[PDB]
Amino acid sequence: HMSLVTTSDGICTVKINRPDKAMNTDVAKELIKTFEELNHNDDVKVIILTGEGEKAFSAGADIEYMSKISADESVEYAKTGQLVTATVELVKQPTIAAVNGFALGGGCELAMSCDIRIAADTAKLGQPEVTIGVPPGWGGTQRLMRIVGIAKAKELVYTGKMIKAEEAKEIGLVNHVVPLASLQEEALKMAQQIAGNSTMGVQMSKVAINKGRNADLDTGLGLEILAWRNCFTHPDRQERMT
């Protein structure tokens, strides 16, 4: 259902292997197991998330509907979606979501759960779950409001319209827009630049960043000063400070 390919050796690419369709509750639990093994793995430093093939990081907004169930099964299905999204967000290494095309619905939510999104020019993003009678279920209603603002979040969830990649850099949904034939190379170059950076400086920057967003400045500064301390008991600080 997937592949893992590490090379440097400190970076792997995780490729969602379902080109015939899309993220069900079967390729999501697989996504949980793959990102838990990278948490305990010490010889990868950043993670590149992309879709198999050349036309969709993930289109799970038109091509997978187990939605013929009762309301109670919706809670479990959403809980699976929150967990996989939470896993790929709070993973130890930085995540680069290489958007090679369609990233809609759940696919956008998984991509939004990543740290950095570099999209191909031939990429389409949005939250069309309102066309099927539901809100976003895997994390659209909150994460989308945090990366692009409350204004552009309401426009993209109420209408449910699909948008091109260029207007996503304009609204900040993606960080960089790069050609489809140059998406893998540019994502790797960014990955190599982060990989060359200190692991403990970056990984503990992520913890202070992924947690300082959920509190005031004062409490967030407490995590930073605790982040400041931990990287100091590490030879990485002293060795590179020359």
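In case it trips you up, residue 1 is the first one in the sequence shown, and so on.
Interresidue gap class [residue 8, residue 9; deposited sequence, unmodelled] = According to the record, 1 to 3 deposited residues lack coordinates from residue 8 to residue 9.
ask   = Just how many deposited residues go unmodelled from residue 21 to residue 22: none, 1 to 3, 4 to 9, or 10 or more?
value = 1 to 3 residues lack coordinates between residue 21 and residue 22.
request  = Between 219-227 and 9-17, name whichever shows the higher mean Cα B factor according to the PDB entry.
outcome  = Higher of the two, by average CA B-factor, is 9-17.
key: Stretch with the greater mean C-alpha B-factor as recorded in the entry, comparing 210-218 against 60-68   = Higher mean C-alpha B-factor in the PDB entry: 60-68.
B-factor third for the C-alpha atom of residue 117 within its chain = CA B-factor rank for residue 117: middle third.
query = If you rank the chain by CA B-factor, which third does residue 93 end up in: lowest, middle or highest?
reply = Lowest third of the chain for residue 93's C-alpha B-factor.
For residue 203, the third of its chain into which the C-alpha B factor falls = Ranked within chain, residue 203 CA B lands in the lowest tercile.
task = Taking the chain's C-alpha temperature factors as the reference, tell me which third residue 142 falls into: lowest, middle or highest.
result = It belongs to the lowest third of the chain when residues are ordered by C-alpha B-factor.
ask   = Sorting the chain's CA B-factors, does residue 87 end up in the lowest, middle or highest third?
value = Its C-alpha B-factor, which the entry lists for residue 87, ranks in the lowest third among residues of this chain.
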